[PDB]
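Asks: Have a look at this one before I ask anything.
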Amino acid sequence: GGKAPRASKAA
Amino acid sequence: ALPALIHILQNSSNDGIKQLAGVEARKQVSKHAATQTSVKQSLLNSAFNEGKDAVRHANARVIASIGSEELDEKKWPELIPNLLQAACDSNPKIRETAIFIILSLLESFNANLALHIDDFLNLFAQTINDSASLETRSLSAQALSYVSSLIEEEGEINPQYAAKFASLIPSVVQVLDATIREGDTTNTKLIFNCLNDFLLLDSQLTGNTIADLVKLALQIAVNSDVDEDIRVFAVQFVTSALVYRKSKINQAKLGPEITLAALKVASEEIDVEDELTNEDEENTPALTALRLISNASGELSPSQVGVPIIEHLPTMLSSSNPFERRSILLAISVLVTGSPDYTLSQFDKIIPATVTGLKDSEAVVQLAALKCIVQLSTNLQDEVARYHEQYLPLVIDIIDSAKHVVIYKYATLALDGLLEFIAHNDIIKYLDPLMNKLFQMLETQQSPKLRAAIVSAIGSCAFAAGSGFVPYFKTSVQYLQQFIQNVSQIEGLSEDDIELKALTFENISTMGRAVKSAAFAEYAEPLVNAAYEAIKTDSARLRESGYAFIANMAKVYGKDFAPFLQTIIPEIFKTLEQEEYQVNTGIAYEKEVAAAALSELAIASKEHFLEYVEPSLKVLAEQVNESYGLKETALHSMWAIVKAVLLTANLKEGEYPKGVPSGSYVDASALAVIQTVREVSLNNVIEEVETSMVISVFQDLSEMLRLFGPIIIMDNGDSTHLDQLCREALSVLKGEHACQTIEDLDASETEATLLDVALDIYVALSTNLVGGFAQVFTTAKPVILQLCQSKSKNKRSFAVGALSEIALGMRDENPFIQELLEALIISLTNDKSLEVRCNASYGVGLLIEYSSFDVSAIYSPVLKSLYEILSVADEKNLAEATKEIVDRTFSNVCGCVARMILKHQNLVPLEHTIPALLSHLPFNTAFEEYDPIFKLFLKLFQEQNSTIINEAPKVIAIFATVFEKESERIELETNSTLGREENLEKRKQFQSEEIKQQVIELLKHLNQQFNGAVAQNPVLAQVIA
């Protein structure tokens, strides 16, 4: 929930 | 007017007619004089004497509807007493029809039946075990569902009633056993409905049974002697218990048995040739089980579901039973959606397993692996992509030699999802062969299902390739233009025909994002006209594709697209107000995309959208109140409208004034828009029982606050909404929120995400308010510090990471640095998780950097831990914990050490520390941690410190990589597809332009001293001059 990490072509 | 239907019912010589009138007579009972008593008796005789049950039942239901009506007052007081009598009669057939009539009465829901709950409890306690009629036993179980609803209607659960009702639950299990032994599948299903209704009951009525009901349903589900349809009932029941009573399942630690039971059913033989060619039964056991694993993965912790699956992956994947090989692969594909983070951590096992599946002789196994890969890509998008060098050859080979249509679709679909997320630089190696293969494939395949899969894969090449797609742009639209002729003529087209046009509209718009407005100009006008044709069409899928085209148009043209608002906003408005029931899934999907289009248009139109703000917020607010599946997306678009207004007022992202606002840094009109959406956002979090709703609101509020500051939640010195927001967020941390309550318990990934998004409110408010946040942080601080101690690894990670980020927001104005520093050192020193110690070290350096009190006592222990953590990551580097984590730990540890050297150089012995720092440089990830390291290099070299001065060659090499990486980033920045800027900040090598100039200025100094060492390197010679 801090430094360590926890959309694209489609819509 | 009505009695006619009864006479036909008694008398009709043809037997079906007697029945057909009874069905109508029941319907017509309510509307429809002295001889209402003559009609009662005629029915009762027919209902106990008629030959065939169907006519008996026809008569009985009419009797019950009469009884409910003839119970306005005490109009038929003997009915219930007589039926209670007949149900105890010596004649089993008389008892059976009596219970059947009592069941029909209970089906009337007449409020007066609550007057008789004790009667029914006493009668059903006997008739449930009737030894003469299994039908009578089943009807009694069916009747018990209604009696329970009555006891719960009462103000207070009668304790005596619920004890009687709970005593009957083992009897219903005995009926279920009986119906299965006799083969009465009709009644077996009915008893399963009774078991399903027990799930919803208050715990006082059910006793401690629900867990044992689950255990029993599993015994039935795994037993292949039992008929297929009965086993589906059991799988469904356990799947139903995960939704409505997962607390009970957790208490029994039933997650692993459920998972393994579902795994064994999933391994059962299925119709291979149907799977391979029939384009999409989930009422056969093996498929129903997959729905069970999927639901289990969503509701429970990965230790209860994901771990059991991964433990069985090695033995099942090498089994000689292809259906076991198929099963474990499909088990993973359904696990990834509810447990994405757990699945990602098992990639060291899962990626090789999917590769083995693609290599299998049996196509059913190959199809499974491809479904698994598809599923992984959708969920964990770029992570799967990085393994393209292994996948792409294997997937292309399958396409080239596929013998079945469904393998061809899933191989093309697997290629589509991989290419969609491949790094821009890696796609360049493949782009020409992919392009020619896809168009070679588009030519060969005439099936519209296969062409739709290919067109999507082609659009994924353009998306990944950006500007590198220009050489293919014209020829692609030339070819694809054929699939978008006669857009308006939607009659005589199949569902797949509609989809092939829709995908072509969507992927051509994706090509405009890849090659921008200049290369799109040739076809912009005809394509936009066709997209409007689609918007007017009667196909919701086709309208959805039109809105997707326009949304991407907004990205390409910005304000230049503003003259189209007047026509388009009314088409979007019509779409959003549609009735949503046939639910009509096409309309739900259409509403989602139209909402995205409306948001994209608002952002691009800038000033031109103001006249639409009030109406757009009116339509969107209505959908939050009334829409069945669009609440989150509708609320999200309101915040997008706010973003559009605030950017139109030239409030720049991240450029808001810190601290609690006494008034407003936003004009009155923009403030009115903010307050409107801010009000709706709080209303959909307070007392909200949908956790996906609370998550969505907390995400929108976090993002808006980070972008535009505390004005999102507060203005004019009034903190009513801020206190509400923290009151709610603190509730989620405590586990006490309404969406939670339906302490150390193991949590699902969704439950943990809920925790993290509430923490994110605090992280964002701390950057907003700085020192002003301390008052609000006081309640959450003890809770968050306690969460740093959870038995949960992710929860300890979330809390420590959030404490570190909160430290960064409050900086030197933080009145709790000593207390927070003390907690994080304990985590840094004693935690067993590398990831937790990783996040801890970041906060430790930040807290030390911002501390203004004496830290000389903690430097030595902290530095010893910092060298030991370099030791546990070292071993891991050489050969739960991923490589990304390990690399981040190096970056964070080195950043922490640098921040300490910077703070109190005298306390750190540099002769050993500087080499340890250098040996882990350059970094592979977490380039934010360069910032203190660059600052340390600046200061050491400015002091001509001997330790660094001897290390000039390593320092020069580090900067060579830094500036090499920085230019690669700048090239990628310009060539990438529009709007793929998710990790734009993360690949930044410098946290500011000021520090970048200092490094350049330092590099120039290094050139004179050391006699041109710097310019020997081609990279730095370019930056030095």
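Chain identifiers are assigned as A, B, and so on, following the order in which chains appear in the structure tokens; residues are numbered from 1 within each chain, and ligands are numbered from 1 in order of appearance.
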Residues near residue A:3, anyone? I mean within 8 Å using only C-alpha atoms, not counting same-chain ones fewer than 3 positions away, as a PyMOL selection string.
Replies: chain B and resi 801+805+839+842
Asks: Keeping N, CA, C and O atoms, export the residues of the selection given above as a JSON list (two decimals), in the first residue's frame.
Replies:
[["chain", "number", "residue", "atom", "x", "y", "z"],
["B", 801, "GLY", "N", 3.38, 0.55, 4.12],
["B", 801, "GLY", "CA", 3.52, 1.39, 2.93],
["B", 801, "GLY", "C", 2.75, 2.68, 3.05],
["B", 801, "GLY", "O", 3.24, 3.75, 2.69],
["B", 805, "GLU", "N", 4.12, 6.56, 3.10],
["B", 805, "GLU", "CA", 3.62, 7.63, 2.23],
["B", 805, "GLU", "C", 3.03, 8.78, 3.04],
["B", 805, "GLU", "O", 3.14, 9.95, 2.64],
["B", 839, "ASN", "N", 9.11, -1.97, 2.12],
["B", 839, "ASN", "CA", 8.34, -0.75, 2.35],
["B", 839, "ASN", "C", 8.74, -0.07, 3.65],
["B", 839, "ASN", "O", 8.72, 1.17, 3.74],
["B", 842, "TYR", "N", 11.77, 2.31, 3.26],
["B", 842, "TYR", "CA", 11.45, 3.59, 2.64],
["B", 842, "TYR", "C", 10.95, 4.58, 3.68],
["B", 842, "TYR", "O", 11.47, 5.70, 3.79]]
Asks: For chain B, which residues have at least one atom within 7 Å of chain A, if we go by only C-alpha atoms? Write them as an mmCIF file with N, CA and C atoms, in the first residue's frame, please.
Replies:
data_model
loop_
_atom_site.group_PDB
_atom_site.id
_atom_site.type_symbol
_atom_site.label_atom_id
_atom_site.label_comp_id
_atom_site.auth_asym_id
_atom_site.auth_seq_id
_atom_site.Cartn_x
_atom_site.Cartn_y
_atom_site.Cartn_z
ATOM 1 N N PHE B 463 -1.858 -0.680 -31.316
ATOM 2 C CA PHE B 463 -1.873 -0.097 -29.984
ATOM 3 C C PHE B 463 -0.492 -0.158 -29.338
ATOM 4 N N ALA B 548 -17.332 4.097 -28.659
ATOM 5 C CA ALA B 548 -15.919 3.799 -28.469
ATOM 6 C C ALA B 548 -15.072 4.552 -29.480
ATOM 7 N N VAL B 593 -19.716 2.443 -22.274
ATOM 8 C CA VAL B 593 -18.869 3.105 -23.259
ATOM 9 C C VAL B 593 -19.372 4.508 -23.546
ATOM 10 N N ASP B 756 -6.869 -1.195 1.416
ATOM 11 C CA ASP B 756 -5.865 -0.333 0.809
ATOM 12 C C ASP B 756 -6.469 0.969 0.291
ATOM 13 N N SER B 797 1.878 -5.096 4.731
ATOM 14 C CA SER B 797 2.472 -4.327 3.647
ATOM 15 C C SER B 797 1.687 -3.051 3.370
ATOM 16 N N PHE B 798 0.359 -3.132 3.340
ATOM 17 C CA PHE B 798 -0.430 -1.939 3.048
ATOM 18 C C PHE B 798 -0.232 -0.867 4.108
ATOM 19 N N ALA B 799 -0.298 -1.269 5.377
ATOM 20 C CA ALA B 799 -0.197 -0.324 6.480
ATOM 21 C C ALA B 799 1.174 0.342 6.512
ATOM 22 N N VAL B 800 2.244 -0.459 6.482
ATOM 23 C CA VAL B 800 3.590 0.112 6.511
ATOM 24 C C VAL B 800 3.821 0.999 5.296
ATOM 25 N N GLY B 801 3.375 0.554 4.115
ATOM 26 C CA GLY B 801 3.524 1.385 2.931
ATOM 27 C C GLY B 801 2.750 2.681 3.047
ATOM 28 N N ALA B 802 1.526 2.602 3.559
ATOM 29 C CA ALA B 802 0.741 3.811 3.773
ATOM 30 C C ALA B 802 1.363 4.708 4.858
ATOM 31 N N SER B 804 4.508 4.987 5.444
ATOM 32 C CA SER B 804 5.639 5.626 4.780
ATOM 33 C C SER B 804 5.178 6.774 3.889
ATOM 34 N N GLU B 805 4.117 6.564 3.102
ATOM 35 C CA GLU B 805 3.625 7.628 2.232
ATOM 36 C C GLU B 805 3.026 8.785 3.036
ATOM 37 N N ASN B 839 9.108 -1.967 2.123
ATOM 38 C CA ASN B 839 8.342 -0.747 2.348
ATOM 39 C C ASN B 839 8.740 -0.066 3.650
#
Asks: Excluding stretch 532-546 of chain B and any residue of its chain fewer than 3 positions from it, enumerate the residues within 7 Å of it, using only C-alpha atoms, and give them as a PDB file with N, CA and C atoms, in the first residue's frame.
Replies:
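Output saved as out.pdb:
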ATOM      1  N   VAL B 487     -23.433   0.509 -42.611  1.00  0.00           N
ATOM      2  CA  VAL B 487     -23.524   0.399 -41.159  1.00  0.00           C
ATOM      3  C   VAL B 487     -24.983   0.405 -40.707  1.00  0.00           C
ATOM      4  N   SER B 488     -25.805   1.254 -41.322  1.00  0.00           N
ATOM      5  CA  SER B 488     -27.191   1.428 -40.894  1.00  0.00           C
ATOM      6  C   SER B 488     -28.052   0.198 -41.159  1.00  0.00           C
ATOM      7  N   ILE B 498     -22.728  -8.579 -36.586  1.00  0.00           N
ATOM      8  CA  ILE B 498     -22.722  -7.286 -35.914  1.00  0.00           C
ATOM      9  C   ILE B 498     -21.373  -7.069 -35.253  1.00  0.00           C
ATOM     10  N   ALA B 502     -18.522  -4.097 -35.390  1.00  0.00           N
ATOM     11  CA  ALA B 502     -18.236  -3.321 -34.188  1.00  0.00           C
ATOM     12  C   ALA B 502     -16.743  -3.348 -33.845  1.00  0.00           C
ATOM     13  N   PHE B 505     -14.832  -0.967 -36.159  1.00  0.00           N
ATOM     14  CA  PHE B 505     -14.950   0.420 -35.726  1.00  0.00           C
ATOM     15  C   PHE B 505     -14.026   0.711 -34.548  1.00  0.00           C
ATOM     16  N   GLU B 506     -14.022  -0.177 -33.545  1.00  0.00           N
ATOM     17  CA  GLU B 506     -13.239   0.035 -32.327  1.00  0.00           C
ATOM     18  C   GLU B 506     -11.736   0.010 -32.597  1.00  0.00           C
ATOM     19  N   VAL B 528     -15.815   9.095 -39.173  1.00  0.00           N
ATOM     20  CA  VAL B 528     -16.662   9.745 -38.173  1.00  0.00           C
ATOM     21  C   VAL B 528     -18.126   9.701 -38.586  1.00  0.00           C
ATOM     22  N   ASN B 529     -18.408   9.864 -39.880  1.00  0.00           N
ATOM     23  CA  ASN B 529     -19.787   9.762 -40.342  1.00  0.00           C
ATOM     24  C   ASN B 529     -20.345   8.363 -40.115  1.00  0.00           C
ATOM     25  N   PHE B 549     -15.556   4.626 -30.722  1.00  0.00           N
ATOM     26  CA  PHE B 549     -14.852   5.365 -31.762  1.00  0.00           C
ATOM     27  C   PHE B 549     -14.750   6.844 -31.396  1.00  0.00           C
ATOM     28  N   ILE B 550     -15.863   7.438 -30.952  1.00  0.00           N
ATOM     29  CA  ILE B 550     -15.886   8.848 -30.568  1.00  0.00           C
ATOM     30  C   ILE B 550     -15.010   9.106 -29.350  1.00  0.00           C
ATOM     31  N   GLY B 586     -26.458  -5.871 -23.629  1.00  0.00           N
ATOM     32  CA  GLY B 586     -25.981  -4.963 -24.647  1.00  0.00           C
ATOM     33  C   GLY B 586     -26.115  -3.523 -24.207  1.00  0.00           C
ATOM     34  N   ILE B 587     -27.242  -3.188 -23.573  1.00  0.00           N
ATOM     35  CA  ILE B 587     -27.477  -1.826 -23.109  1.00  0.00           C
ATOM     36  C   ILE B 587     -26.524  -1.478 -21.976  1.00  0.00           C
ATOM     37  N   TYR B 589     -23.456  -2.626 -21.551  1.00  0.00           N
ATOM     38  CA  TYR B 589     -22.177  -2.364 -22.204  1.00  0.00           C
ATOM     39  C   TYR B 589     -22.224  -1.066 -22.997  1.00  0.00           C
ATOM     40  N   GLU B 590     -23.342  -0.802 -23.672  1.00  0.00           N
ATOM     41  CA  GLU B 590     -23.475   0.455 -24.387  1.00  0.00           C
ATOM     42  C   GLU B 590     -23.428   1.634 -23.427  1.00  0.00           C
ATOM     43  N   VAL B 593     -19.716   2.443 -22.274  1.00  0.00           N
ATOM     44  CA  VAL B 593     -18.869   3.105 -23.259  1.00  0.00           C
ATOM     45  C   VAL B 593     -19.372   4.508 -23.546  1.00  0.00           C
ATOM     46  N   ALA B 594     -20.688   4.685 -23.654  1.00  0.00           N
ATOM     47  CA  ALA B 594     -21.200   6.033 -23.855  1.00  0.00           C
ATOM     48  C   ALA B 594     -20.741   6.941 -22.729  1.00  0.00           C
TER      49      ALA B 594
END
Asks: Just want the 10 Å neighbourhood of residue B:795, counted on only C-alpha atoms, with same-chain residues fewer than 6 positions away dropped. Output as an MDAnalysis selection string.
Replies: (chainID A and resid 1) or (chainID B and resid 747 752:753 755:756 784 787:789 801 836)
Asks: What does the distance between atom CA of residue B:758 and atom CA of residue B:810 come to in Å, to one decimal place?
Replies: 18.0 Å
Asks: Name the residues in contact with stretch 375-383 of chain B at a cut-off of 12 Å, using only C-alpha atoms, excluding same-chain residues fewer than 2 positions from it; report them as a ChimeraX atom specification.
Replies: /A:6-10 /B:294,329-348,350-351,354,368-373,385-388,410,413-424,464,884,982-983
Asks: Between B:296, B:139, B:933, B:725, which has the minimum distance to residue B:100 (counting only C-alpha atoms)?
Replies: B:139
